[PDB]
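Remarks on the structure that follows.
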């Protein structure tokens with residue numbers, strides 16, 4: 001019928017584990033789990049045996065880059081945003097003890113980099 005709405009990283013519906021397909025007018029329990037802001041709501045197969053709108057239900061928070069490297073050199077591999085990663089390179093031939101590569105992840109109401117603080121071995 002619905003042919004399984006799809007896998008949503010945001011949410012792990014209770015019923016979807018062994019069932020996956022439902023009749024029109026059926027409400028599914030979706031929960032936003034790993035820190036996403038969104039207000040969970042059921043997805044109901046209302047249109048064309050397709051779901052009401054499971055899209056962007058749970059939300060990613062915008063990330064930041066004002067912590068800056070001491071040298072002034074930081075590289076944006078993926079982006080500044082959530083799931084993205086950056087380099088903190090002070091020098092080519094030096095070591096950075098802590099988070100050389102900061103990664104922005106969801107804490108729940110905000111997104112932070114896993115960066116402890118700028119570090120330069122030199």
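Heads up, the Cβs are rebuilt from the backbone with ideal geometry, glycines too, and the neighbour counts pull from every protein chain shown. Nothing in this text is a laboratory measurement; each read-out follows from the coordinates by a stated rule.
If packing is taken as the mean number of other Cβ atoms within 10 Å per residue, what is the order of 65-71, 102-108, highest first? Present the calculation step by step, with values, prior to reporting the outcome.
Values: 65-71: 12.4, 102-108: 17.1.
Sorting 65-71, 102-108 by mean packing, highest first, produces 102-108, 65-71.
Go ahead and collect, in residue order, the members of the stretch 35-70 whose backbone nitrogen is under 19 Å from a label point 7 Å along the Cα-Cβ direction of residue 3.
44-55
Average the reciprocal distances over every distinct pair of alpha-carbons in the chain, invert the result, and give the Kirkwood radius in Å.
So the Kirkwood estimate lands at 16.9 Å.
Once both labels are modelled 7 Å past Cα along the beta-carbon direction, what's the residue 31-residue 92 spacing in nm?
5.2
How many nm separate the modelled label positions at residue 21 and residue 68, each set 7 Å beyond the Cα in the direction of the Cβ?
5.8
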